[PDB]
Structure formats: C-alpha cells, structure tokens
Ligand SMILES: CN(c1c(N)n(Cc2cccc(F)c2)c(=O)[nH]c1=O)S(=O)(=O)c1ccccc1
Ligand SMILES: CN(c1c(N)n(Cc2cccc(F)c2)c(=O)[nH]c1=O)S(=O)(=O)c1ccccc1
Ligand SMILES: CN(c1c(N)n(Cc2cccc(F)c2)c(=O)[nH]c1=O)S(=O)(=O)c1ccccc1
Ligand SMILES: CN(c1c(N)n(Cc2cccc(F)c2)c(=O)[nH]c1=O)S(=O)(=O)c1ccccc1
Ligand SMILES: [Cl-]
Ligand SMILES: [Cl-]
Ligand SMILES: [Cl-]
Ligand SMILES: [Cl-]
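Chains as they are written, first to last, in the numbering used here: chain S, 345 to 640; chain R, 2 to 288; chain C, 2 to 288; chain F, 345 to 640.
Structure (structure tokens):
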C-alpha cells in the first residue's frame, strides 16, 4: 500500500415501546426537536467534527424513512450510507455492523438522540478528532449520573474507573453519547461478551481503552448544554430550549445546510438550490439569508 | 345518526423540515400523535363512524397507525385529498361516506380541552337540522373565520381571514351539519368552509354557540404553537395523573369496548406509562 | 352572608433566595402577583369581605399592594400569623373577623381555572349549613389531604399526607364553612385543616364535590410548579387576548365597580398591556 | 502619589409601569428568574469578570430592598455600595451618579436585567477587563436588532458605526448590556446632551470611544446565550431556560456564593456558614455539596 481520516456512525436505533404511542407512528430520531428532526442534531455534531462519511444505523423498518429524509448526503457535501440493526443488542454492536464501513479508518460514534449546544463546540471536537491514536470521550456534570456511564477521577483529575449505570455512582460525571476511536475499536468490539442485561456495552469498550492507558476523558464544561431526549418531558424541554435560542438570535442550531456551507463542503450556488423548495417557509428564507449575511 | 370527518390535510412545506420525515397530524403533542386529539373529540361527541381525509402521501400512514378502528369500537374509513383546495372540499370527497346522514367535521390539528366538553358537543350533535359551530374569543381573529354579533348577541356576518375583523370571536375547527351540506358544498365557487357556514347563516339555520374562556382551544399550526400545546397538555397530565384525549379510555368509558378488550390494548404498551395507565383504568374509579 | 380568608402564609426558607427579596404570594405568575388568583377566586364566589392573613414581615407588603380594596369594590382587612402553626389557625386569628357569619378559606398559592367555575363555587357558597370542599384527581396524593370514597361515591375518610393514600383524590385549597368552624377550630389539638374537615365529616355535614378533570388546579409551591403555572396562564392569555384572574375585570362584571371607576384604574396602567386591556373592557362585549 | 483595578456598576433602574401589575409589588430586578432574584445574574457576571467593588444604582424606593437582599457584600467577599437614580434619565447617567464611586479607576457597567450563559464566559470577560485603555463592548447576533444599540461592521470585520434603536438596522449585531471603560468615561459622560428621547444614551458614550479609535467590539458568539428579560414572556423563557440547565446538570448558573468560593474571595469555613440558614432547601444543600464535590 502507498499513502498520499475519520468516519462517522450515528446509532439511531429502536427505542422500544417506552415512548409509545408518540413513537407508534414513527421512530424517535425522526421526531422533531422544535423545528427539525432529531437526527439533524447528532448529524450536525459529526459535521462540526469535520466528518463527511457517515453510517446511519437504524431498525429495518426505519431505515427507508431516514433514507428519504437524508438521501446519500451528496446535496450537503456528505456521503451517507445505511445499515440495519435487526435487534437492539447494545450500542457497541454498531462496530460489528459498521465493520466494513469503518475498514481501516478512525471512527466516531454519536447517539441518535443526543443534543449538544455551546461556544467553541467546533474546537472541542477538533482536539478529539485530531488525536489519531486511542479513544476520546467527554464527561459532563449531571444530576442523575445513574442513567449513564459514570467516570471516576482521582485527585489529580485522572480518570481511574468507568461504570455503566451504577446504582451508586462514584461521581456526577456522565459519559456523553459522543465517542472518538482509533483503528483498535472493531477488534475490542469483537471480543466483548453480552452484559448481564443482554447488551454489548459501550462502557466495556471504553474500559478497554482505559485499561491500556489510551482513553482521553475531556471535560465538557457546564457552559455547554447536553440535553436529554429520553422522555416525553425531556424532548419537550429540548424543544423549548432550542426555540428560545433560535428566536432570540435569528440563527439556527444544527442546521446541516449551514454547517456544510460554512465548512466549504457546498458552495453558494448549491446552497441557493436547497433554499428554493423551502422558500415559502422560515427555514428556506433562513438558508437564502445565509447567502448574503456575514455571521461571525 | 351522525358521521365524522377528520380533515388531516396537507400542511405544505411550512413546517419543513420537521414534516419532511412525516406528516403533521402524526407529530406528537406531548405523549401522543396529534390526530388523537380531534379523534378523541369526535368520540366524545358520540361519533363512531369516521372518515380520515389526508394527502396521498399521508393517508396510508394514518391507515397503518389507526387501522379500521375496530380495536377501539370505531369504524374508520379513509380518503385522499389530491390538492389542498380548501376545507369545504371535505364534503365532495366525503360525499358517498356521508350518504344521507348528518355529519360533523373537525380539523386535524385542532385541540380542545375543558369541563363538560361532552355536554357542549351533546347539544350540538342533538340539533338534527341546520348547522352548529363554536365561536371563541382570540387575540388574532385575522387568522380565522370571524363571527360578528349584534347587540342582542345574534350572529349577523361571517368573514374568512378579514384584514379588519369585526370582532375577536373566531370560528373554531369543529363543525356540525345536517343533510344539506353536501349540496351547499357542490354549489360553491372558488372552497371555503366560511362560505358553507355563510349559506347556513343566510337561511337562518346557523347556530353559533360561544365556547367560553374556561375552555382551551389550541392550534397546532406552527412550530411555536405545537410546542405550547405540548407544554399545556404535559402540565395537565402530570398534575392529574390522568390523560387528555386518550382514545382507548374514551372508548372504554363510552362502553364501545369492554374491560377485556381494554386489557388487550394495555398489553403491548405494558412497559411504558401509557400502557400502565390503560391497565390502571381497569381498577380505578375516576369521576 | 359569607366572608373570605386568604391564607398567604410563611413559606419559610424553601424558596430562598427568590423569596429573600419578597414573599411568595407576591411573586408573579406570568403577568400578575400570585395573590391575585385566590383573590379572584373569592370574588368569583361572590365574596367581597376578605381577611388576608400573612407573616409579620409580609402583611404590611400585601397592605401596601392591595389597600382596603375600595378601588375594586371590596372590603379587605389584614391580620398576621406569627408562626406557621397550621392552616386551621386561620380560624382563631380570623375569629373576630368571621363573627357569626359563614366563611370561605382559600390558600394563597392555589390557582384554579375552568368553565363554569363561577357556578361550581355558587353551589358551595349557597349551602348555608355544614362544610363544602373539592376533591381533584392528582398524580401525587401523598402531598395533600386525601379523600376516600365508598363504592357509592360517598366520602368515608380523610387523611393528611398519608404515606399510603387510599385514593388519588386530593382536597383542594378552597374551603366553605358554616358558623361551627371557629368552635371546631378552638377544640383542635396539635393545627390541621384536615382535622377540621374530619370533624364535619364525622357529623355527616361535609359535602365533597368533585372538581372534574376539565378544571385546572395548580399549585404554586415550588420553583418548578410556579414556572409551570406561568407557562400555563401565558398560553391561555396569549391565545384568547383575555385575562385569567384580573380582579378589576371580575369587580366590573360583578357590578361592584362601574364603568367610570374601571376607567380610572386603567389610567395609571395605560402605557402597558394590562391597562390597555382594562380600557378595552369598557367597549368590548365578552361572552 | 505613589503606586504599589476595575470597579463595577449594576444599573437596576426604574422599569416604569411596562410590567405592571407584577412590578407594583416589587421592582423588576428583584423578580426571580427561576430560583433566584434577577439581580443575582448581572452581579454574578461582574464577579466572573474579577470585579469585587460594585455600585448598585436603583430607584429611591427600591434601594432599601436591594440592600436587604445583598447587604454590603462582605459575606461574599465583595464591597457593595448603593446609590439612587431619582428619575430614569438614561443609562449613561450611571457615570454621573457613579462619579465619586469610580474615582480615578477603570469601570464596568452591566444592566440589571441582562442574563448571560456559556462556555469560557470567564475568559471572554477576562480579555475585556484586562485591556486597561479604551472601552470594550460585546456584539451578539439577534432577531430584533431594532431594540438595541446596533453595530455595523465593514468587510474586514471592523466596527464603523453605532446606532441606538435604529428603525432600519444596518446589521443584526446588537450591543449587549455589558460595558468596560477606562478613566475617560466620566468626562465623556459629563459632555453628553439628552437625546431626542430625553435620555443620556449609552450608545453616545460608545460612539465617542469609537470616534477616537478606542472601542473594542468583540463578538459574543452564537454558542453563548444572551437572554431577554424585558417582557413577561421573555422573563418566563429565561426561567425555563435556567431551570432546564440547572436540573440537567445539578449545578447552578449565577450562584454568587459559588462564584466567590471558586474565586477564593471566601474560604470553605465561610461558605459553610452561608449554607447553614439555607440548609432546609435545595439552595443551601447545594452550597454544602460544593464543600466536598470537585467540579471541573
Ligand atoms: C450553535 N452551534 C453552531 C455553530 N457554532 N455554527 C457555526 C459553525 C459552523 C460550521 C463550522 C464552525 F466551525 C462553526 C453553526 O453554524 N451552527 C451551529 O449550530 S453548535 O456548535 O453549539 C452546534 C453545532 C452542531 C450541532 C449542535 C450544536
Ligand atoms: C379532559 N377531557 C377528557 C375527559 N373529560 N374524559 C372523560 C370522559 C370520557 C367520555 C365521556 C365523558 F363525558 C367524559 C376523558 O375520558 N378524556 C379527556 O380527555 S376533555 O373532555 O376536555 C377532552 C375530550 C376529548 C379530547 C380532548 C379533551
Ligand atoms: C377564566 N376564568 C375567568 C372568567 N370566567 N371570568 C368571567 C367572569 C367574571 C365574573 C363572573 C363570571 F361568571 C364570569 C373572568 O372574568 N375572569 C376569569 O379569570 S375562571 O372562572 O376559570 C377564574 C376565576 C377566578 C380566578 C381564576 C380563574
Ligand atoms: C455557567 N457559568 C458559570 C460558571 N462557568 N462557573 C464556574 C466558574 C466560577 C468562578 C470562576 C470561574 F472562572 C468559573 C460558575 O461557578 N457559575 C456559573 O454560573 S457562566 O460563566 O455562563 C455564568 C457566570 C456568571 C453569570 C452568568 C453565567
Ligand atoms: Cl464551561
Ligand atoms: Cl367558561
Ligand atoms: Cl370536567
Ligand atoms: Cl460561539
């Protein structure tokens, strides 16, 4: 081989019956958060990390639905591919399903229902996606660490343990649903055994990187918003939250077309074409306004 | 007897991109799909035979969600509206479904809440001739059909989206009609529901009941208003430990389905709050 | 005749630091002070003579806000509760104010909304003997006085904050009493409102009306619930272009103040939406 | 004189009748935003800028009320003083009223009803308060620039004009209610004439710095939240917004006691005393928890 890059996975899996009957009609990661489908937020997050090649993993039923919404990604300067998860057998299963898509590249996994907002978010992802060996994750102070993977730090701020959904959390630092990996992850994933719960656990993957001294745990500070989209009540909170930012600023959070245009993955002419069929609503108007406004 | 029509029509691109993935009247308002609210309204009016009209794209969706209704003691049929050519078009599309019966039309994105709502609908469905509509005081009557009243409280004019509204009373998206409505609908020229209602008013056959300020009438037309409606329902539901517009519950309380059938519908939802709630309805007395 | 008591008692430190700067029942729920809601409730029950009971710190505040009531056609008096020693203490403090009349007690942080609320209070104020209270279905009956009903819907027990509630029916913070309540209150031992109500129940003189699910009963006890109540009122108000619990409007519609007096009250508020609204009430018919 | 600092002003003025009747009972900047009084947010902002000597300007009626809430500031390691504004004759009046308090020091003015949130907010204020000459302001993209002082930028991103409440804004960049000044501001303030509106305008002050080439205009990016507290509807939005962050994180935004403790203006023993009278509620519990939890 002669030499002369990082791929993305969004896991937009089966949310069971927990949100029924809202989710009988459609899958969770197609429900909107305010003005746009849920999937637009993690997708925008990957794009902001600089990732253009992305694998959307969803149920067999829902795959066609995501495909229709997003296509191959070519209109936004992306290359989207699709795969199915027959059964919700754990988040780490994404690496077995995604094996051939990853190939010998670096990867990044994002949960389909994870929403992030804040200043210099681009720069915080930059430093994770720039480290070419090991794994990088983010830890975020929360009220209810029991629901997540919890990181324990020593007095020097070094990460020393990881626990999935501990009943007695060692700290309030939760592992967020955004993960960066080197080429070792597929092989670490293949050697995992199901948990007592029947799942291939992402925390087991991260524990394996930690055990080799190859796990970077960056803090995502309190000045960032990491929102919960797990309940009816939290989905509603996230909507309110985005609407308040958007109506205050006259700017959008996680508008993929805008992110593609600012990254130079699409040009002015292409952005204008995408604005055309949306011209009679606020979203298309906003795309048009981006052609002529300078936004710092 | 009285049949129902839910018009769950084409919202265009106005709510894109939320609506690229799915039609509007399938978006949830808090914990359930939008369509559940007007459907519940019809059920509360005592109507079991109901026509769901939607776009060609969305009609199969609503079918796939709701089926023939038989699990909730209903009889649901489906029809398509090729182009959003006005709300009155429901009566042409719905012609053969209505047959020679009385009808009721409800808008697919109209949400109602309040005390004795069952009784308020009762009096409208009970009037066997003419048409019945409801007027509700709003901030922005320009968006709606506006009713003008004389000093005696008699309705004397109707205007669709007037630039200078004569009053702040808006016509809500719930309409009751006799057997004349199909023929009135056929004779309309370019297709407004306000024209239909104006024809009933011109013959002295339009009842305009006030829906008082103690009732909530919410519009799910915008991203902002959809979010308002969610907050509103969630606050009521979490306060009461009771649901608003749960079709299964309405069917059970109307005796259109029995305890055994309710239990079967609770089964596949058992692992979430909605199924638990259906189960709890078998054993709790709720006044 | 029936007198009113608003208990606007000491919230302790539980809402600090919001409440360091001012008492709770002066915090606004959306556009108006909290106290306006229970006050409006009493006015809607037809009660004009009202005792406001609060802490020593906060009583002068409520006085300075509301005065003697004469601008709204009311007669407001004030009294203090030195220590938050239970809601039933209102009747000892309020003894000489009540005199030999019938009474009504409302909690200072209780918010009610819905259709025909005037009529529901009417039937309670109209019963001249015994006591009347309202039961409302809630998610968390542990926080309240809980009513247990038999299979015939008769009330058979009352429990204050039981760990194992017998039903989900909570007693709301609105109470109507005959002339027996002062003497029942004096004979209580360490001072619960549920004990007072239990004494009426034990003599077969407690009416427990259901406040149905079509009514909203909101609690303003927490930061979270205060915020919920704000959202809820704002959504109704911005939808309707009408206010909930505007005392001036209630006084005007009850004929306790006239058009001229309403106009004077609109004057100093003219440059904001609230004064504009009072002005608009002089000329708009609202059903 | 022998040599061997920056003072703050919070303008918490008369909001007229615009929010009546909510504001009949009490002044605006004492209304809570969620769990805490409004004044706590701009105060926390000054503290985060490193400012300990602060002048609270309010109406004659409301002064005693702020005083009771906040005292002399000594419990939080601050030195708070108070002054009255007899009539709401414009924001720039703060420098005439504050003349003797400012003396020959550098200053910072913050509006009493301005709420800010985001990542590295400390660092963004640091670079403004660190510049010892000229003035520094912040520009923030909004939907409704008409309501504010608007900044116009040239193609190189240089600020070239300032307009107060223009009916036809030149950009969507609004000047936020946070201002840093050198020793020239009192004298610039003294030479101002009332506007057509009867007000001593802050924008006139800022225009004078601009005209001498001494106005730094830093962008406050979209990843920051700058919230509106001007209406009943916006006050409610700000509450929802703070509550969603706080309940998600189990951390507080603009808790002055926490900011004083992290700045080392008060010690562990002092923080424990302040937690005592609040022990039976969530706020005091949170102060206590800060003594033992490491928070990054
Ligand atoms: C507010 N954020 C954001 C931005 N910061 N930006 C500016 C941007 C765009 C492309 C590349 C950049 F480096 C910065 C956007 O164009 N859209 C955004 O939503 S964000 O970084 O917090 C964010 C990005 C993606 C998904 C969620 C939040
Ligand atoms: C809160 N409401 C309500 C009720 N009052 N009821 C009880 C009910 C059911 C059938 C007949 C009745 F009279 C009362 C419900 O079972 N579900 C409800 O959502 S409502 O009448 O205002 C309503 C009905 C239909 C759709 C939305 C709200
Ligand atoms: C929406 N409601 C309401 C009204 N229905 N009315 C109209 C009114 C006034 C006096 C007597 C009436 F029957 C009706 C009001 O004038 N103000 C109101 O807030 S309410 O009856 O549910 C209510 C009354 C008192 C306090 C809060 C809500
Ligand atoms: C979330 N923010 C914040 C923080 N970032 N911090 C951490 C902190 C405290 C003191 C000094 C620091 F450099 C950082 C806090 O202790 N409390 C806070 O509210 S903030 O910077 O966006 C903020 C600070 C003051 C007022 C409003 C927001
Ligand atoms: Cl931060
Ligand atoms: Cl009503
Ligand atoms: Cl009811
Ligand atoms: Cl930013």
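Beta carbons: idealized from backbone N, C-alpha and C, even for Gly.
By the C-beta criterion, the stretch 228–244 of chain R is judged not to be in contact with the stretch 130–138 of chain R, since fewer than 3 inter-stretch pairs fall below 8 Å.
Boundaries of the beta strand (DSSP E) harbouring residue 114/R: 111–114, taken from the DSSP string. Take the alpha-carbon of residue 466/S and the one of residue 522/F: they are about 26 Å apart. Relative to the non-hydrogen atoms of ligand 8, the Cβ of residue 566/F comes within a distance shorter than 7 Å of at least one.
Contact between residue 107/C and residue 42/C holds, since their C-beta atoms are separated by about 6 Å, short of 8 Å. Scanning the stretch 173–206 of chain C for uninterrupted alpha helix (DSSP H) segments of 4 residues or longer gives 182–187, 194–203, listed from N- to C-terminal end. Between the stretch 519–537 of chain F and the stretch 496–503 of chain F there are fewer than three inter-stretch CB-CB distances shorter than 8 Å, so the stretches are not counted as touching. Residue environment: residue 429/F is assigned as buried (16 or more neighbouring CB atoms within 10 Å of its CB, all protein chains considered). Assignment of residue 3/C by DSSP, reduced to helix, strand and coil, places it in the strand class.
For residue 135/R, the closest alpha carbon among the candidates 170/R, 227/R, 46/R is that of 170/R. Across the stretch 203–218 of chain C, CB contacts with chain R closer than 8 Å involve 211, 213, 214, 215, 216, 217, 218, in sequence order along the chain. Non-local beta-carbon contacts of residue 635/S in its own chain, meaning distances under 7 Å to residues more than five positions away in sequence, involve 612, 615, 616 in chain order. Look at the stretch 621–640 of chain F: the residues with a C-beta under 9 Å from a C-beta of chain C are 621, 622, 623, 624, 625, 626, 627, 628. Within the stretch 357–438 of chain S, the beta strand (DSSP E) runs of at least 3 residues that lie entirely inside it are, in chain order, 397–402, 423–428. For residue 469/S, the closest C-alpha among the options 622/S, 346/S, 564/S, 367/S is that of 564/S. Under the 8 Å criterion on CB atoms, residue 20/R is classed as non-interfacial with respect to chain C. Annotation: Cβ neighbours of residue 370/F in chain C (cutoff 8 Å, chain order): 22, 23, 27.
Separation of residue 100/C and residue 46/C (C-alpha to C-alpha, rounded to the nearest whole angstrom) is 20 Å. In the three-state DSSP reduction, residue 485/S falls in the strand class (E or B). No Cβ-Cβ contact shorter than 8 Å links residue 530/F with residue 514/F. Residue 157/R carries a strand assignment under DSSP once its states are collapsed to helix, strand and coil.
Within 10 angstroms of the beta-carbon of residue 576/S lie 16 or more other beta-carbons, which makes it buried.
When Cβ-Cβ separations below 8 Å define contact, residue 66/R makes contact with chain S. Residue 26/R sits buried, since 16 or more C-beta atoms from the chains shown fall within 10 Å of its C-beta. Residues of chain R with a Cβ closer than 7 Å to the Cβ of residue 381/S are, in chain order, 18, 19, 22. Here residue 511/S is exposed. Its C-beta has fewer than 16 other C-beta atoms within 10 Å. By the rule that beta-carbons nearer than 8 Å mark a contact, residue 378/F touches chain C.
With distances taken between CA atoms, residue 80/R lies nearest to 53/R out of 63/R, 53/R, 86/R, 92/R. The stretch 374–381 of chain S and the stretch 583–603 of chain S touch, with three or more beta-carbon pairs separated by less than 8 Å. Close to residue 140/C, with beta-carbon spacing below 9 Å, lies no residue of chain F; the smallest spacing is near 18 Å. Closer than 7 Å at the C-beta level to chain R, one finds these residues of the stretch 585–609 of chain S: 587.
Beta-bridge partners assigned by DSSP to residue 211/R: 136/R. Between residue 143/R and residue 193/R, the CB-CB gap reaches or exceeds 8 Å.
Counting along the chain, the unbroken alpha helix (DSSP H) around residue 126/R starts and ends at 118–127. For residue 451/S, DSSP records a beta bridge to 351/S, 525/S. Per DSSP, residue 252/R lies in no beta strand (DSSP E); the unbroken alpha helix (DSSP H) holding it starts and ends at 248–254.
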